[PDB]
Amino acid sequence: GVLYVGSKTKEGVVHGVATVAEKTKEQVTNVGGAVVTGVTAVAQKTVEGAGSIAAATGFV
Amino acid sequence: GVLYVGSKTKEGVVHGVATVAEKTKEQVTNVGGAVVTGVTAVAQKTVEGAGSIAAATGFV
Amino acid sequence: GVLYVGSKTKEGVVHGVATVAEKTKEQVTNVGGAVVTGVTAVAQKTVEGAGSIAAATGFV
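Here it is as structure tokens:
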């Protein structure tokens, strides 16, 4: 059971992600795998996860 | 059971992702695989995941 | 059971992530795998996780 009146509720929100990058450089080399990324924004109300970022085996 | 009145609710929202990039450089080389990305925005209300980013095996 | 009146509630919110980067450099080399990332923002109301970032085996 649940009830509201005038209730300006806010549940599971995000607000603003400024992410100015600049003159970077990223020279991955001789690897098994890179998973370089950038921004990421998620928002839920009933969930079992969020942004997963997995690499894996390598060798030479 | 659930009920509302005048309830200006907000559930599972996102608001704004400014992502100005610039003069980058990303020279992946001799890998098994790169998964470089950029922005990513998700938003749910009942979920079992979000942006997954997986690489995998390599070698030389 | 649950009830509200005029209740300007706020549950599970985020507010603002300024992330000015600059002239970085990241030369991963001779690895099994890198999982370099950048920003990450999550927000929930009933959850069993958040941004997981896993690497894995390497070798030479």
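Protein sequence lines correspond, in order, to chains A, B and C.
For the first sequence, the tail end lands on 489 under this note's numbering, and the numbers increase by one without skipping.
For the second sequence, the tail end lands on 489 under this note's numbering, and the numbers increase by one without skipping.
For the third sequence, the tail end lands on 489 under this note's numbering, and the numbers increase by one without skipping.
The C-beta atom is built at its ideal place from N, Cα and C for all residues, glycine as well.
In DSSP terms, what residue i is bridged to
i: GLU440/C; result: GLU440/A
i: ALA463/C; result: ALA463/A
i: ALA447/B; result: Answer is none; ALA447/B lacks a bridge partner.
i: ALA479/B; result: Answer is none; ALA479/B lacks a bridge partner.
i: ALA472/B; result: Answer by DSSP bridge pairing: none, since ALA472/B is not bridged.
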